[PDB]
Amino acid sequence: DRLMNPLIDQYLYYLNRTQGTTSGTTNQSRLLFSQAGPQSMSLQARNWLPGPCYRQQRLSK
Amino acid sequence: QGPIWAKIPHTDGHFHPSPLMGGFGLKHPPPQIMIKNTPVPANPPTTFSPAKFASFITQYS
Amino acid sequence: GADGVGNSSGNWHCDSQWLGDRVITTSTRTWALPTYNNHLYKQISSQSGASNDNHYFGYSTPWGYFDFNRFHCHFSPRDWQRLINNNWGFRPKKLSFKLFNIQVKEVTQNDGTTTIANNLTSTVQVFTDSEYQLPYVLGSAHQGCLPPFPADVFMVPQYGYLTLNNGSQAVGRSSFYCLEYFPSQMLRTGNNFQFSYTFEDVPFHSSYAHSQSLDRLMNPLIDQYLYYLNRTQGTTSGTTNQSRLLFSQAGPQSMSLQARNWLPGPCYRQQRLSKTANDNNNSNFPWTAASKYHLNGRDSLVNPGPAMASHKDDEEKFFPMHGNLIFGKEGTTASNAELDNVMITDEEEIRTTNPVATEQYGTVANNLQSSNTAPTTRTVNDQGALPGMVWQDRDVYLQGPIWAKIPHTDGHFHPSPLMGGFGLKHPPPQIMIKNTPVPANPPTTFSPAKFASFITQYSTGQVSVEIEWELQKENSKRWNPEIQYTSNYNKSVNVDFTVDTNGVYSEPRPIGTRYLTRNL
Ligand SMILES: Nc1ncnc2c1ncn2[C@H]1C[C@H](O)[C@@H](COP(=O)(O)O)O1
Ligand SMILES: Nc1ncnc2c1ncn2[C@H]1C[C@H](O)[C@@H](COP(=O)(O)O)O1
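First to last, the protein sequences are chains B, G and K.
Residues in the first sequence are numbered from 431 upward in steps of one, following the authors' numbering.
Residues in the second sequence are numbered from 615 upward in steps of one, following the authors' numbering.
Residues in the third sequence are numbered from 217 upward in steps of one, following the authors' numbering.
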C-alpha cells in the first residue's frame with residue numbers, strides 16, 4: 431500500500447462523500463468525488479493485492 | 615503585383631483549372647513553409663503544479 | 217475444362233480477404249434458368265395508342281444473362297464497413313467469371329402431377345459479348361443481379377433490347393440482332409465456363425468528404441491585398457452626398473466578399489419536396505413540374521441530374537424531386553408504395569463543392585445600370601460548365617450500381633455514370649445463357665412447317681465472380697476523431713442486415729461512402 435509517490439497526487443478520482451455536504455439547510459445527500467493525494471494515502475487507486483489467507487486463532491504467550 | 619500560382623482543389627472534377635484571379639493552376643504547388651518560436655518556460659515554482667503551463671519568456675525571432 | 221457426370225465441375229468459392237493495398241472479393245451464387253419466349257425471338261413494341269413519351273420498339277430474345285452490377289453482390293455488410301471507414305478511395309482491377317455444376321432438368325405435366333427429372337444429354341449455351349456488338353443493356357438499374365445474401369437463390373433474367381423508333385413504328389435504320397449468329401460454347405453436365413477480364417484505368421471513387429469549403433478556403437487571420445467595390449452611393453450621408461465610388465480591402469470581416477479563385481459545380485435546378493405530406497402543394501406535379509429533357513420530340517425525366525446537394529444546413533427534411541437514388545425496402549409492391557416503404561439517399565457531404573439541388577445557383581446582371589436605369593438582378597436556375605468550376609461526383613452505396621458503359625459517341629464531357637460509379641469505355645462484357653432447344657416428338661411424315669413442339673426443360677447450376685479492388689489508403693493529419701459508420705449498440709429487435717423469423721435477408725438503410733475527411 432506504500433508503493434506510490436509521497437509528493438505527487440494521482441490523476442484518478444474516487445468517491446469519498448455520499449451525503450455529508452455543506453450540512454445545514456436542505457442538504458440531505460450529494461455525490462462527491464476527490465482526487466487522490468498523499469493525504470488520501472489509504473484511499474488511492476491500487477494495482478496489486480495481498481496474498482491469500484486462511485484465518486488462524488490468536489494465542490498469547 | 616498579381617498572384618503567381620494556386621492550388622487546384624482536390625475534387626472529383628474540374629473544367630479548365632486556371633486560377634480565377636490569374637496564374638498557374640497547380641495540383642501540387644510550392645508547399646507551405648511553417649515557422650514558429652520555440653516556447654521558453656519562464657520561472658517555475660519549487661512545488662509541483664499539474665496546471666497547464668502559461669508563464670513564458672517573451673521573445674521574437 | 218472437360219470431365220464427367222458424377223464429378224463436380226467447380227467448388228463454392230465465396231470469401232474475401234484484404235491485402236492492405238488491395239482487396240479481392242470472391243462470390244458464388246446458385247442460379248436457375250427457364251426457357252424464355254418459348255425458344256422464340258419476338259418483336260415487341262408500344263401499345264397502339266397507350267402512351268406517348270413511352271413509345272418504343274425492340275425485340276425479346278430467348279436468352280438469359282448474368283449480372284452483378286451491384287456492390288452488395290461482392291461486398292458483405294462488414295467488409296463494406298472496413299472499406300468505407302478506412303480508405304480515401306477505391307476502384308475495380310480484375311475479374312474472374314466461372315460457370316459450373318450445371319444440371320438440366322426437364323419437366324412433364326402428366327395428369328395433375330408435375331414430375332421433374334434429369335436430361336443428361338441436354339446442353340446449355342454461353343457466350344460473352346467482348347466485341348461489344350450486342351446492345352449493352354447493363355448499368356440501367358435493372359433487377360436480376362446476384363442476391364446480397366449468399367444463401368439466396370436467384371432467377372436468371374431475360375435479354376431484351378430497344379432500337380431506333382418513330383413512335384410505335386420503327387425506322388429503316390433500326391437494327392435486329394440474333395444471338396444465335398454468335399459463336400457460343402455448349403455445355404453438358406460436367407462442362408464448365410471460364411472468363412477473365414481486365415478493367416481499364418478509371419479514377420478512384422470519393423470515399424471522402426471535404427473538411428474545408430470553397431468559399432471558406434482562405435486565411436481567417438490575414439487580410440487580402442486586393443480591393444473590391446462595396447459602396448456606390450452611401451457616403452457621409454447628410455449634406456451634398458448623393459453618390460461616391462468607394463473601395464474596401466478584403467478582410468476576414470468581408471468573408472463572403474473576398475476575391476475568389478474557383479467556382480462551384482454545374483447545376484440543373486430540381487423541385488423541392490417535403491417528407492411531411494402537408495408542407496407540399498395540394499396538386500399532382502411529379503411530371504408537370506419536374507425537370508425533364510426531350511430528344512426527337514420525346515420528353516424524358518432527368519432523374520439523377522448533375523451532382524447537387526440534397527438540402528441546406530438545418531433542414532434534413534427537404535429532398536429534391538428525384539434528385540437522388542431511392543431504394544425500395546424488402547417486400548414492397550412496384551406500384552405506388554408508401555413513403556415509409558422506401559429509402560431516400562442523402563447527398564449532404566458534397567455541400568462544399570456542389571450547389572443545392574432545389575435552391576438557386578446565384579445572381580446575374582442583365583441591364584446597363586445608370587442614373588436613368590435601376591440595376592437588375594436575375595435568379596439563375598440553369599448553369600452550364602465554366603472555366604474554374606470544381607465539383608464532386610455522386611456516391612456509391614452498398615446496393616448501388618458499380619459501372620456503366622460510356623456511349624460510343626463523338627463527344628462526352630465528364631463521363632461519370634449519372635447514377636454513380638465508374639464510367640467505362642469497355643466494361644465487363646455481357647455473358648449470355650440459354651437452354652438448348654430440344655425437339656419433342658417428330659412425325660413419321662416430313663413437314664416443312666417451322667418446328668414449334670419442344671420438350672419443356674430448365675437449367676440450374678452455380679456461378680462464381682471474383683473481383684480485385686485497388687485501394688487508396690488514408691493519409692490525414694486530422695487530430696480529432698473522424699466520423700465512422702457503426703451499428704447501434706443499444707438493445708435491439710432484429711439485427712441490422714440479417715434474416716428474420718422466417719428467413720428473409722433485409723438491408724435496413726442505404727450506406728454512403730463518404731465518412732473520412734480530406735482537405736481542398
Ligand atoms: N493553369 C493551368 N493548369 C493546368 N491546366 C490548364 C491551366 N490552364 C489551362 N489548362 C488546360 C490545359 C489542358 O488542356 C486542360 C486540362 O484540363 P483537365 O481538367 O486537367 O483535364 O486544362
Ligand atoms: N468514371 C470516369 N471514367 C472516366 N473518366 C472520368 C470518370 N470520372 C471522371 N472522369 C474524368 C477524368 C478525366 O480527367 C476526364 C477525361 O474526360 P474525357 O472526356 O475522357 O477526355 O474525365
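We put the beta carbon where it would ideally sit given N, CA and C, even for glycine.
Item	Value
K/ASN477: contacting residues in chain G (beta-carbon distance under 7 Å)	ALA620, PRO633, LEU634, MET635
Between the CA atoms of K/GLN401 and K/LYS258 - distance to the nearest angstrom	24 Å
Three-pair Cβ contact test at 8 Å for the region 309-324 of chain K versus the region 696-714 of chain K	no
Any C-beta of chain K under 9 Å from that of G/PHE629	yes
CA nearest to the CA of K/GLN465, picked from K/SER459, K/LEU430, K/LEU445	K/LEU445
Min CB distance G/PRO623 to chain K below 9 Å	yes
For K/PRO278, the first and last residue of its enclosing beta strand (DSSP E)	273-281
Helix, strand or coil at K/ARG694 according to DSSP, with G and I counted as helix	coil
Alpha-carbon to alpha-carbon, K/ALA493 and B/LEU442	54 Å
Span of the alpha helix (DSSP H), counted from its first residue to its last, around K/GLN297	293-302
Extent of the continuous beta strand (DSSP E) to which K/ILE332 belongs	330-334
C-beta contact flag for K/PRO520 and K/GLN599 at 9 Å	no
K/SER632: CB within 8 Å of a non-hydrogen atom of ligand 2	yes
K/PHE287 CB to nearest heavy atom of ligand 1 below 8 Å	no
Own chain residues within Cβ distance below 6 Å of K/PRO293, not counting five before or after	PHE713
Interfacial residues, the region 581-610 of chain K to chain G, with Cβ spacing under 7 Å	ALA601, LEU602, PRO603, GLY604, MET605, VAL606, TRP607, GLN608, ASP609
Pick from K/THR324, K/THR329, K/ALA425, K/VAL320 that is closest to K/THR337, judged by C-alpha positions	K/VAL320
Coil, strand or helix - K/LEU687 by DSSP	strand
Closest by C-alpha distance to K/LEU634, when choosing among K/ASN540, K/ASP562, K/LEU511, K/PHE282	K/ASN540
Within-9 Å CB hit, G/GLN615 to chain K	yes
Chain-ordered chain G contacts of K/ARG734 [CB-CB under 9 Å]	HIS624
Three-state secondary structure assigned by DSSP to K/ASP515	strand
Near ligand 1: G/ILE618 beta-carbon under 8 Å from a heavy atom	no
Minimum C-alpha distance to K/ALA620 - residue among K/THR330, K/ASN326, K/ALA357	K/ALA357
Assigned secondary structure, G/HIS624 (DSSP; H/G/I helix, E/B strand, else coil)	coil
Chain G within 9 Å of K/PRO419, Cβ atoms only	yes
Buried/exposed call for K/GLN474, threshold 16 Cβ in 10 Å	buried
Coarse secondary structure for K/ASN557, derived from DSSP in three states	helix
Reference K/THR414, options K/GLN700, K/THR702, K/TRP685, closest by Cα	K/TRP685
Heavy atom of ligand 1 within 8 Å of G/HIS628 beta-carbon	yes
Straight-line gap, K/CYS230 to K/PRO603 (C-alpha atoms, nearest Å)	47 Å
Closer than 9 Å to chain G by CB, K/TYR441	yes
Terminal residues of the beta strand (DSSP E) in which B/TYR443 lies	443-447
For K/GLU396, three-class secondary structure by DSSP	helix
Neighbour flag for K/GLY481 against chain G, beta carbons, 9 Å	yes
Alpha-carbon to alpha-carbon, K/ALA581 and K/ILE566	28 Å
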